[PDB]
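What follows is one chain in structure tokens, specifically the form solved without ligand ADP.
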């Protein structure tokens, strides 16, 4: 009696959404709203920040109204958590309260030249140079390099630089700013770790690097953890604070790939998960010891729950074309019309019958970092149908995530215990079979699959205390949200003929330049 609810804003790359969870851990209201994907010249990608905040508020109030429709006693939400696309960086004015320009997105490639200035000059040829600090190579992806491009290239931004009006944030910062009404100006540690400006081990700003990299430290917010006060919601954008009825607090903020880690319950070391948006991200919890490169791979914050409380670390690898690849074979190549034709065409053959397909359309980017690798297929005979190609594309995804976990077993010094998985592609029986084989671990597939949203809610649910122990959290997720589970069923030298084929094919992929 007296049912409690926490809210979460999943701000993504192509859309925004808000998801109300109960105390039993169920999404009970949801609403989605897209924003525009602006592409000036090839490789660029911008989002309108106002569009994002407007999206977030419409999600909010429409979701809240729907919960009332099905529970008329719902008076308020205890707290709101955030989670978001990371690296995407916003530029804004402190008293204009508003974007000086569109926000360049994580996978934009406008920063190409600025990356080479830095990796040559500041990095003395070594891209890794800053990596026992940031936990990251130098790339076009991370925040600081966007910040530069914006200080260099934008009339308004360079103008505001000097006048002391220039705030910079990741989307988590920018949401939490306008939501509170200009009141809050903070970031959580996981988001912070993406900026190329944080010290991974102290979880504090790196004044050597801000200075070395020519970004005025006063543009940055105060780092906090993922599970504490951040601001309050005081705005009426799309009737947002009126619909909340009480003043509700913001008590979770967390980067998206780490939000999926937390909400899949990967609290203990050697626990990992794999998300499928377009590509992939694989994240393993490594314990409290910050781990570092041997190959490439990323060192990042997993989650620090609470005021200076226990912090947890992780390694991160990407596959760049995963759900994309299945869609490419359909829309571009006409290999099959309907979605479940793919899964049944793959089953209609015993195996690849010789061939390998390396779905490296836009370079190769898990332990092997060849950006000249292109999409290649080798070993085809006249006895090769689309069924073999579809299966080979599936094998390839798992053969990459194999190489990734191998690298994780090295760098982390641990073994991979569990691997929970989630997305468009985790609803595919045959991949979670193959992958479970080639890696040789159980694989868990959650029936409450909204786990990235769940992550943030939990953070705010802990801070406000709808749950208090991670045992409580984990015990509800056992007594409620069903796992399906998938064992391995493939013999050591089936697996070694498949990797030997794989490593032989990888050699033939180098193409561009």
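In this text, the rigid core denotes the largest set of C-alpha atoms whose superposition between the two forms falls within 1.5 Å. Numbering follows the first chain given and starts at 1.
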Inset, instruction - Could you settle it for me: does 173-181 or 353-361 have the higher average Cα B factor in the PDB entry? - result: 173-181
Legend entry - 470-478 versus 454-462 - greater average Cα B-factor per the deposited record: 470-478
Inset, instruction - In terms of CA temperature factor as recorded, identify the highest of 253, 259, 193, 415. - result: 415
Legend entry - 385, 334, 300, 115, ranked by C-alpha B-factor: the highest one: 115
Inset, instruction - Select lowest, middle or highest to describe the third in which the CA B-factor of residue 273 falls within its chain in this entry. - result: middle
Inset, instruction - Consider only the C-alpha atoms of the modelled residues in this chain, order them by B-factor as the entry records it, and name the third containing residue 505: lowest, middle or highest. - result: lowest
Legend entry - Ranked C-alpha temperature factor of residue 485 among modelled chain residues, by third: middle
Legend entry - Third of the chain, ranked by Cα B-factor, where residue 342 sits: highest
Inset, instruction - Can you work out whether the C-alpha temperature factor of residue 6 puts it in the lowest, middle or highest third of the chain? - result: lowest
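Another form exists, solved in complex with ligand ADP; not displayed. Remarks below refer to it.
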Legend entry - Open or blocked: site for ligand ADP, pose in the deposited complex superimposed, 2.4 Å backbone/C-beta cut-off, 3-atom minimum: blocked
Inset, instruction - Give a yes or no on whether each residue among 96, 180 and 182 has a heavy atom within 4.5 Å of ligand ADP in the deposited complex. - result: no
Inset, instruction - Please run the contact check for residue 257 against ligand ADP in the deposited complex: heavy atoms, 4.5 angstroms, yes or no? - result: yes
Legend entry - ligand ADP contact at residue 281 in the deposited complex, heavy atom, 4.5 Å: yes
Legend entry - Partner contact for residue 304 in the deposited complex: ligand ADP, 4.5 angstroms, heavy atom: no
Inset, instruction - Although ligand ADP is absent from this view, report whether residue 249 comes within 4.5 Å of it in the deposited complex, heavy atoms only. - result: no
Inset, instruction - Using heavy atoms only and a 4.5 Å cut-off, determine which of 406, 277, 270, 379 is in contact with ligand ADP in the deposited complex. - result: 277
Legend entry - Contact residue in the deposited complex, from 363, 231, 287, 423 (heavy atom within 4.5 Å of ligand ADP): 423
Inset, instruction - After fitting the rigid core, tell me which of 74, 267, 129, 106 has its Cα displaced by at least 2 Å between the shown form and the other one. - result: 74
Legend entry - Rigid core superposition, residue 383 Cα moves 2 angstroms or more between the shown form and the other one: yes
